[PDB]
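Where a number appears in this text, it was derived from the coordinates with a stated rule and is not lab data. We place every Cβ from the backbone using ideal geometry, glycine too, and count neighbours over all the protein chains shown.
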Amino acid sequence: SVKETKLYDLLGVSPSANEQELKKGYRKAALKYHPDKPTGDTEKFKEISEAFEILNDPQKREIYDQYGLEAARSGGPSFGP
């Protein structure tokens, strides 16, 4: 199932969407916060870029859904060297 929706909410796309459709969500958000647009916002652009990359990798997306952002960023729920 889908626990955290933070990254999906940043992109503005349903978590039922696949990596291809999630990319489309990023593309839309990227334009929204595009540096070269009046509504450009580096901070928000970074956030959605993190959401994209994490949700782009099928492995990290799975980890995100199952465990959450913390694990997704680490690349696993476990920690160590």
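The selection criterion, being buried (at least 16 other Cβ atoms within 10 Å of the Cβ) and either closer than 19 Å to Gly68 by Cβ or of a type in the set (A, V, I, L, M) (or both), does not hold for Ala17.
If you filter segment 36-71 down to residues that are free of Cβ contacts under 8 Å to residues at least 40 places away in the same chain and of a type in the set (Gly, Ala, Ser), you find that the one that is surrounded by the fewest Cβ atoms within 10 Å (Cβ to Cβ) is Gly40. Within segment 40-55, the set of residues being part of a helix (DSSP H, G or I) and of a type outside the set (A, V, I, L, M, F, W, C) comprises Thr42, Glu43, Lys44, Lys46, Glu47, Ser49, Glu50, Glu53. Applying the condition of being under 11 Å from the mean Cα position of the chain (by Cα) and hydroxyl-bearing (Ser, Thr, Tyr) to segment 1-13 and asking which residue is nearest to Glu53 (Cα to Cα) yields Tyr8. Residues that are charged (D, E, K, R) and within 13 Å of the chain's Cα centre (by Cα) within segment 40-63 comprise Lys44, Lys46, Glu47, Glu50, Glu53, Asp57, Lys60, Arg61, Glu62, listed in sequence order. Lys37 meets all of the listed conditions (1) assigned to a helix (DSSP H, G or I); (2) charged (D, E, K, R); (3) over 14 Å from the mean Cα position of the chain (by Cα) but one, namely (1).
Close contacts from segment 1-28, counting a first residue that is under 23 Å from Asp41 (Cβ atoms) and a second that is among the basic types (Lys, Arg) and in a helix (DSSP H, G or I), with Cβ to Cβ under 7 Å and a gap of 6+ residues or different chains, come to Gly12/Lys28.
Right, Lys23: assigned to a loop (DSSP other than H, G, I, E, B) and among the basic types (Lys, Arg) or not? For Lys23, the condition - assigned to a loop (DSSP other than H, G, I, E, B) and among the basic types (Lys, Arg) - is not met. Identify all residues within segment 20-53 that are touching a helix residue (DSSP H, G or I) at 6+ places or on another chain (Cβ under 8 Å), more than 22 Å from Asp65 (Cβ to Cβ) and among the polar types (S, T, N, Q); write none if there are none. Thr39 - this is the single residue of segment 20-53 that is touching a helix residue (DSSP H, G or I) at 6+ places or on another chain (Cβ under 8 Å), more than 22 Å from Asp65 (Cβ to Cβ) and among the polar types (S, T, N, Q).
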